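Presented below is the structure to which this report refers.
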Amino acid sequence: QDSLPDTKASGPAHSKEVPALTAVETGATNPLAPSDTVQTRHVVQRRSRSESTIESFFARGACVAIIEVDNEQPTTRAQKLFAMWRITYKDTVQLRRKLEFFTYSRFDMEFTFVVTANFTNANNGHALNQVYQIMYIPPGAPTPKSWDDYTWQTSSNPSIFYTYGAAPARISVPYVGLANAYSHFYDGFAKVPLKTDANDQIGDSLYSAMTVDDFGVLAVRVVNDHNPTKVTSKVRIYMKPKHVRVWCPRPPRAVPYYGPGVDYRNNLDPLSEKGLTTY
Amino acid sequence: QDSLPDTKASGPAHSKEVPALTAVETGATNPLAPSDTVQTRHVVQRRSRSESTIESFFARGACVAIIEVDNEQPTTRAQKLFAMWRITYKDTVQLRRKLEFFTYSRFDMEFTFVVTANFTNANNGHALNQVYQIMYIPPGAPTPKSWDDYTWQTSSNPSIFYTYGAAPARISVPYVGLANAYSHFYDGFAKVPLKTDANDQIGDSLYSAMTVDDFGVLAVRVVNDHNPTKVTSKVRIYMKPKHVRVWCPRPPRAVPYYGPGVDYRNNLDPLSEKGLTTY
Amino acid sequence: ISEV
Amino acid sequence: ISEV
Amino acid sequence: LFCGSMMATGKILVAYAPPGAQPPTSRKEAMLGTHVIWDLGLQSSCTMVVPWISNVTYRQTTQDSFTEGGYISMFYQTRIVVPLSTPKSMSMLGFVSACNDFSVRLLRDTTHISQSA
Amino acid sequence: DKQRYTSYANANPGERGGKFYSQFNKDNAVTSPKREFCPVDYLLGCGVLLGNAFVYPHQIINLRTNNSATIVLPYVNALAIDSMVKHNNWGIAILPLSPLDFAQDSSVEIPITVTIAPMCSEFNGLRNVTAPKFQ
Amino acid sequence: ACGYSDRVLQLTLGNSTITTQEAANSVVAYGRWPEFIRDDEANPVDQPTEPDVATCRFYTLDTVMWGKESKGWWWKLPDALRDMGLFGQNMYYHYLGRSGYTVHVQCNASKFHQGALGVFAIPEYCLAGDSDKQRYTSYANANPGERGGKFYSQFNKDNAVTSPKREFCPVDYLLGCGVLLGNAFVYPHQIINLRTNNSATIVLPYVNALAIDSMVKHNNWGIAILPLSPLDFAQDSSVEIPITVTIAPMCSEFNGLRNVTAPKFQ
Amino acid sequence: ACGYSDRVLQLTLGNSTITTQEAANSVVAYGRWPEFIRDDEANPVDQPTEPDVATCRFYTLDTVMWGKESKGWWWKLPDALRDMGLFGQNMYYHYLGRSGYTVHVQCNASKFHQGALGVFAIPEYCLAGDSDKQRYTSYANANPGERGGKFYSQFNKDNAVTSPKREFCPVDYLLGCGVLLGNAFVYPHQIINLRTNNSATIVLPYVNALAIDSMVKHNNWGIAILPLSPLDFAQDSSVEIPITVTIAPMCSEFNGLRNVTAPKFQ
Amino acid sequence: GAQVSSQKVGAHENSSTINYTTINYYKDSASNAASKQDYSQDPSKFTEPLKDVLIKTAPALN
Amino acid sequence: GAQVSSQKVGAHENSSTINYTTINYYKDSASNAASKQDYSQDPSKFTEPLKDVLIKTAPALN
Ligand SMILES: CCOC(=O)c1ccc(OCCCC2CCN(c3ccc(C)nn3)CC2)cc1
Ligand SMILES: CCOC(=O)c1ccc(OCCCC2CCN(c3ccc(C)nn3)CC2)cc1
Ligand SMILES: *C(=O)CCCCCCCCCCCCC
Ligand SMILES: *C(=O)CCCCCCCCCCCCC
């Protein structure tokens, strides 16, 4: 059973006990119930808080990134025959805002990949079905310079080979943090400037940032050799935290995000105009 | 349980026991722990070596070969209507380097096949879905001379018939070595030159090589008869050792591989320049 | 089996 | 069955 | 490992400074961190353990100020002393290995090997 | 305009502390940047609404009720121990929920004094002293 | 059993470890190991600070060179350690402080060198001075810190009356204090004889007429190193070998915390 | 008890005895002592020959001199012993043979000399070669016998295409095989550091992917001796001291007897 | 290894306790689904972090 | 033939021992997955291959 407390029948009062008065200066919220200030009937309560549990609140896969990758003839100028994405929940705003009601979190992560493609140009013949390789490159590993260089051999890095038209790809990741919890907020620096430093660039760091590469990158490419005609594809990444625990609640973001930190820039006016004595 | 040993609380010392001094000439590594030379607190250790187990280190499928095969109209000059690959982990460098931390190994092998295709030319109509045949030819068996000759009948050889677009093909192979272990290194010859030999070519052999065909070949072809237009396909082969055991550790390869043996040629300068008293 |  |  | 002659003597201070301050430039500074004073003699070798002192539970294998390990330095505590007819100069060989509490995680590919097109 | 650009020396005022502002003045001088915080009061200096700051451990010093506030802080972090020179664990924010007023005197001023005690303090990784650069 | 020896020791205190392969056993002054103030010998009522590992570790002082004309070196405790990490900080933030010490003196040479150092730990080492003027050695001069002082072969009376040096004039055969050096052996000591040993290790208890006292006003122990037999090598008339003094505070405790004492050493 | 030591050993095998008064204990490769093929690991069905004392005794190879320019020496087993008495005879009369070994390396000097030898026993020591041509080192060149081979400080590619040397080109810091020498310590080893010890003693088990194999076609163990620290003495720039390698076959057994193998070494 | 639990049945058919079955297929717990049987807690650490916690009918200040 | 084993559970949901089930479908063991429950061993045969193994607080050479 998980239903909320029942309302007790409560009658008239004439007493020295005054629940209605209090002192919020204490730092405390007054524990009052309807029966403390009005006459109440007995209600056998059946409602429950099942859907507002931490797990239930986060139990939804959210779009955190759109990676675009092309499959076309390798010419000699900058192309997108492969692409890389730094893993984060911060390139998007919706899941970021939900996760940020809390300071610290701890969870396993579920990644689901939706892959769509289309023809770029009016006509040059067609394309046989494409297989996509999504490789995880953890910090330290060789990153690709080329869509078919040796790093794609993926001998120790995890890779997903996805076939177009197949059900959206899905993998699971453990809690992988260097700490006992993920910090949604870090009031500090990765380096301290010392008095004895040569230039004062040595000790400089970004405020709020921890490691430079955080959790690494996802390298995406089309394994197919190029057709005569060009195909453009988008890999959409859905993130779901599962087996979740959260600590130290925080006020929700009230103004538009301006980058990875807590910085704000404009639309600093969240609230509407309304008359003091207007319903 | 698999967690590492706990740190013991250790206090001051003034004694005839000197763990800090030793003699590496013995051939031995000094078994010291932080509590032998500094004052330590008691730490209940929970970390474990689960992911650095032999199985876990190798528990990843690595790219060992890219076979290219065409499907087009049989003309009278050298074409690729079928292709053959000698099975080895040495045409690639990543898994080779990992396997070579050890002298001898023993394992079952998992083969996963990723097949991709495309249109070669701008336009001649299109192609109906292709079925690929991957035939294993163990040493001794008749090899194909033609993409549709009698050897492809495969009555006793194992073959995989793969349909384009289907999930990547996967088979498993037992430990198949002539010895009790696979030799990652063989300091010897397959033939000895004798004093009584006619020419001195009779007794000549490649250094480090054992049998001529090692483990045979994979013959790959498109079973479809040719479309009016040409389709080019690549079969990518991923190798994973499983149920693995390894013997006699070796120093990792420090310079680029130059063929199947231990030979080196250039980039013999692995190490960076750094000052002796520079952090 | 394990029935909760 | 065989529960380890 | 001291690889000098048997007639050679000396005392060496070897040290480890946990991260956060100026990397030691003098023995005066190095003295204050974790250290061992090695006295050369019949036991040819000396071992300094660098104890796991970290803020994070796991450090990174790449370079990163946030998960940095600190500094190792060596100094003469007295000096190398030899007699006459003896080499005044000699080699010291160094060795490293993990204590039994060492572990690793997140299998990845190495930058220590590659291949061309 | 620059994100996460507040310099270490500016992020750390020591005993002196910092202040809040009623509105966002963007430090314009691009060429020689102040690399300072611009904490706006109704946004708790961090993009959220101040009225919700009450979810954080707090007290109110309402002059008709009390002289003072006493809050006991545990060590809170994603780690058991960390670098104190690189990282602050707790922030103390004092904001006037209701403005100071007295008699009819339009220029009243009363002192706020903050006294703090470290508790169950422990330290690891001893070596030479860290001397940060605050200039 | 196994292979242990009088000559081979490891001393570990805090994050610091010392090894010696050529020791001559080790001395514990007056048979007493360092210890904290017992409740029944306590006098200041305020709860003590015991910094433990942060202060009770080996601080190594600046090296001094021993050559053929070297007359001798002296140090005072706690003075030599006033500027040593958190020990010095604790010393100057409190009115009161007690501490014992492990003193480790280091001097190696070769089977062909020659010489013997007399290492003596002296309770209340009151030294003599410069002058016609009695008990006139200035605080700043009485306290050299880490640097230590030296001995002289004879008494040079600082003559300049008008602008006095207010310095000590410690004569070697008189142990710098009007007594004969040959009797200094009644004090806790060791000898570093180069054919026998690299080093001396003396463990000092807190010795005083009081359980605890002011460390900034008063030194408890004096360390005197004098060449009982001069340094010599081969035929080279200008040999020089280093003497290094490493010292560790032990069972340190402090009372009477307030603002920091900043003495004037100029 | 009585007076025994890590440093003083006697090794007796067959009619041969070795004494050493300056050893550094001794190594047993991979913790395994040599042993004969067990019935349940046996593969050739014919009754083995076990020559015992006639073959499992210490054969001493030709002495090599270590001087200031010496880059290093290598040997292969069973190859270094192909011409050693009845061991070599048994090796060449049979298709198959297994054997473990006690390797004893000898190098004494004086308390005033200086230098350190790295002695490494390597399973399957595949060395690198001369050429553009891969895996082309000729059998006769791969097998120097007793003579052994040497290391070089750098890779000299044998250029003469037309009439190739088909020789190894073992570079020292790459352990002659494309890996870094500093890691050779994962292999069973000892160090002869002249201030510590006269010699190294390593006991080798038979290591192979098979219980028994052809000794004429295949070497099981490689012995690599490299100067980790160069030889030095007094001020003499041209010092030279002898290195002597003595090896004993152990638990030797042979299968497949027929007419004698006579390889061509020209 | 089949785990059997009860459903909190909302709209009931015209037909009592209904069950659902679960089996974990993978070795790594991260691979697992979410159980969604979650335990609730007191708001006290946020709503009343007082050193002396007081009963609502008495004066908050006294 | 169902084999039931325990998961080493890292991040725990707000809900104890969790299990996973395994069944081999094929006759050939080579066809099987990797169990990944692996036993560890002593480094001794590599770190200390000495004939006379000595205790760390005693002299290595004596
Ligand atoms: C502040 C930024 O975002 C986060 O803090 C945050 C965001 C995501 C997160 O999830 C874990 C990130 C690392 C994962 C990312 C995805 N991984 C993989 C691994 C293999 C494949 C094929 N695909 N994905 C493996 C590691 C953990 C924390
Ligand atoms: C030095 C070279 O590489 C190796 O030593 C090494 C490399 C691979 C290896 O795996 C076993 C090789 C033989 C296998 C290869 C794949 N096999 C098959 C069999 C049937 C099919 C359809 N596909 N593959 C059957 C036999 C065993 C050893
Ligand atoms: C506990 O689970 C024992 C009962 C097993 C019942 C049949 C399981 C059917 C599914 C097989 C799962 C294999 C998962 C890798
Ligand atoms: C042991 O496995 C007995 C219990 C079997 C439970 C049902 C198995 C369901 C899967 C059938 C597997 C057939 C594999 C060839």
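So for chain G, taking the charge dipole from beta-carbon charges (+1 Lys/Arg, -1 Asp/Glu), which of G:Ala142, G:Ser238, G:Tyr206 sits furthest toward the positive end?
It is G:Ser238, whose Cα lies furthest towards the positive end.
Under a point spin-label approximation (7 Å from Cα along Cα-to-Cβ), what is the A:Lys234-F:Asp101 distance to one decimal in nm?
In this crude label model, A:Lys234 to F:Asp101 measures out at 5.5 nm.
Output the peptides F:64-76, H:51-63 sorted from most to least packed, where packing is the average of other Cβ atoms within 10 Å over each peptide's residues.
Averaged packing, sorted descending, gives the order H:51-63, F:64-76.
Which whole number gives the average count of other chain Cβ atoms within 10 Å of the Cβ atoms across peptide G:198-209?
Mean partner shielding for this stretch: 1.
Report the label-to-label distance for H:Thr17 and H:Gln154 in nanometres (one decimal), using points 7 Å from each Cα along the Cα→Cβ vector.
5.1
Under a 5 Å amide H to amide H cut-off, with H placed in plane at 1.01 Å, what residues pair with B:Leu81 once short-range neighbours are removed?
B:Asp70
Identify, among H:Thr19, G:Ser110, A:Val212, the residue whose Cα sits farthest towards the positive end of the charge dipole of the protein assembly as shown, taking +1 on the Cβ of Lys and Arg and -1 on the Cβ of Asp and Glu, with the dipole about the Cα centre.
A:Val212
Per residue, what volume in Å³ does the convex hull of the Cα atoms of chain A enclose?
293
How do A:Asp2, G:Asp40, J:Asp42 rank when sorted from fewest to most other Cβ atoms within 10 Å of their own Cβ?
Least crowded to most crowded, the residues run G:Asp40, J:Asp42, A:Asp2.
Order these by the 10 Å Cβ neighbour count, fewest first: J:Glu48, A:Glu273, G:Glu35.
A:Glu273, G:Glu35, J:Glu48
Please sort A:9-22, I:19-32 by packing, taking for each peptide the average over its residues of neighbouring beta carbons within 10 angstrom, highest first.
For the peptides A:9-22, I:19-32, the packing ranking is I:19-32, A:9-22.
Once you put a point 7 Å from the Cα of G:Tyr139 and another 7 Å from the Cα of A:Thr88, both along the Cβ direction, what distance in nm separates them?
Between G:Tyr139 and A:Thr88, the label points sit 5.8 nm apart.
With no solvent and one point per C-alpha, what does the Debye sum give as log10 I(q)/I(0) for region A:100-139 at q = 0.19, 0.21, 0.35 Å⁻¹?
Values, matching the q order: -0.87, -0.96, -1.29.
If you filter region A:87-154 for trypsin sites (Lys or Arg not before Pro), then keep DSSP loop positions with at most 10 other Cβ within 10 Å, what is left?
A:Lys145
Set the Förster radius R0 to 22 Å, insert the Cβ-Cβ distance between H:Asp40 and J:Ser29 as r into 1/(1 + (r/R0)^6), and round the FRET efficiency to 0.05.
It comes out at approximately 0.55.
Once you keep just the Cα pairs under 8 angstrom separated by 6 or more residues, what percentage relative contact order results for chain H?
Result for chain H is 39 percent.
For label points placed 7 Å from Cα toward Cβ, what is the shortest-first list of nm distances from A:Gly259 to its copies?
From this label point to the equivalent ones elsewhere in the assembly: 5.6 nm.
Kindly provide the helix-only [θ] at 222 nm of chain B, computed as the sum of -39,500 (n - 2.57) over DSSP H runs of four or more divided by all residues, to the nearest 500 deg cm²/dmol?
Calculated from helices alone, the mean residue ellipticity at 222 nm is -1000 deg cm²/dmol.
Return the subset of H:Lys150/H:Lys217; A:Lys195/G:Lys217; B:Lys16/E:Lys28; B:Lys145/B:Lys195; E:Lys28/F:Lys133; B:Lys145/B:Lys234 for which the Cα-Cα distance in this structure is over 30 Å, preserving the input order.
A:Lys195/G:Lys217; B:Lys145/B:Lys195
Would you grab the residues whose amide H sits under 5 Å from the one on B:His14? Only those 5+ places off in sequence or on another chain, please, with H modelled 1.01 Å from N.
Amide H neighbours of B:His14: G:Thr12.
For q values of 0.12, 0.15 Å⁻¹, compute log₁₀ I(q)/I(0) with the Debye formula on a Cα-only model of chain H, without solvent.
-0.77, -1.16
So, counting K/R as plus one and D/E as minus one, what does the shell of residues with Cβ under 13 Å around H:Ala262 add up to?
+2
Using all Cα-Cα distances in region H:20-77, what percent lands in each 10 angstrom bin from 0 up to the longest?
Cα pair-distance distribution for region H:20-77, in percent: 12, 27, 37, 17, 7, 1.
Which ³J(HN,Hα) values, rounded to whole Hz and listed in residue order, are derived for region J:28-44 from phi using the Karplus coefficients 6.51, -1.76 and 1.60 in 6.51 cos²θ - 1.76 cosθ + 1.60 with θ = phi - 60°, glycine and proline given as x?
7, 3, 4, 5, 6, 5, 8, 4, 6, 9, 10, 7, 9, 9, 5, x, 2
Which Cα, out of A:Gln45, A:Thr229, A:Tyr104, lies furthest along the positive dipole direction of chain A (beta carbon charges, K/R +1, D/E -1)?
In chain A, that residue is A:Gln45.
Could you list the residues of region E:1-34 with an amide nitrogen less than 11 Å from a label point located 7 Å from the Cα of E:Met92 in the Cα-to-C-beta direction?
E:1-3, E:10-15
Under a point-charge model restricted to the Cβ atoms of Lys and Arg (+1) and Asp and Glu (-1), what is the dipole moment magnitude of the protein assembly as shown relative to its Cα centre, in debye to the nearest 20?
1760
Give the Rg (one decimal place) followed by the Dmax (whole number) of the protein assembly as shown, computed from C-alpha coordinates and expressed in Å.
In order Rg, Dmax, the Cα atoms of the protein assembly as shown give 39.6, 126 Å.
What is the order of H:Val260, B:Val246, fewest Cβ neighbours within 10 Å to most?
Ascending number of Cβ neighbours within 10 Å: H:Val260, B:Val246.
Return the calculated 222 nm mean residue ellipticity for chain H, to the nearest 500 deg cm²/dmol, obtained by summing -39500 (n - 2.57) across DSSP H runs with n ≥ 4 and dividing by the residue count.
Roughly -1000 deg cm²/dmol at 222 nm, from the helical runs in chain H.
Counting partner chain Cβ atoms within 10 Å of every residue's Cβ in B:244-253, what's the average?
Across B:244-253, the average partner-chain Cβ count within 10 Å equals 6.
For chain J, what does the alpha-carbon gyration tensor say about shape, rounded, prolate or oblate, given a ≥ b ≥ c as the root eigenvalues, a/c under 1.5 as rounded, and a/b over b/c as prolate?
oblate
Scan around B:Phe101 for amide H atoms under 5 Å from its own, H built in the peptide plane at 1.01 Å from N, and keep only partners 5 or more places away or cross-chain.
Answer set, sorted by chain and number: none.
List the pair-distance distribution P(r) of region F:23-108, using every Cα-Cα distance, as the percent of pairs falling in each 5 Å bin from 0 up to the bin containing the longest distance, rounded to whole percents.
Taking every Cα pair in region F:23-108, the percentages come to 2, 9, 14, 15, 17, 17, 12, 7, 4, 1, 0.
Magnitude of the Cβ-charge dipole of chain B, K/R +1 and D/E -1, about the Cα centre, nearest 20 debye?
Computed about the Cα centre, the dipole is about 660 debye.
Compute the Cα gyration tensor for region B:50-157, then decide on rounded, prolate or oblate, letting a ≥ b ≥ c be the square roots of its eigenvalues: rounded whenever a/c is under 1.5, prolate when a/b is larger than b/c in the other cases, and oblate in all that remain.
Prolate, because a/c is 1.5 or more and a/b exceeds b/c.
For region B:55-106, what is the charge dipole size about the Cα centre, in debye to the nearest 20, if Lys and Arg each add +1 at the Cβ and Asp and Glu each add -1 at the Cβ?
260
List residues of region E:14-45, by number, whose backbone nitrogen lies under 13 Å from a label position 7 Å along Cα→C-beta of A:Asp197.
What the label zone holds, given the 13 Å backbone N cut-off, is E:20-23.
Which peptide among E:86-99, A:34-47, G:199-212 comes first, and what is the full order, when sorted by highest mean count of other Cβ atoms within 10 Å?
Taking the mean over residues of other Cβ atoms within 10 Å, the ranking is G:199-212, E:86-99, A:34-47.
Which FRET efficiency value, to the nearest 0.05, do you get for B:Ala209 and B:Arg77 by plugging their Cβ-Cβ distance into 1/(1 + (r/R0)^6) with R0 = 30 Å?
E between B:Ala209 and B:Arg77, to the nearest 0.05, is 0.35.
Given a Förster radius of 51 Å and the C-beta distance between F:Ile71 and F:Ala29 as r, what FRET efficiency does 1/(1 + (r/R0)^6) yield to the nearest 0.05?
0.85
Per residue of F:52-59, count partner chain C-beta atoms within 10 Å of its C-beta, then hand back the mean as an integer.
6
Each value in this text was obtained by applying a stated rule to the coordinates, not by laboratory testing. Reconstructed Cβ throughout: ideal geometry from the backbone, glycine too, with neighbour counts over all protein chains shown.
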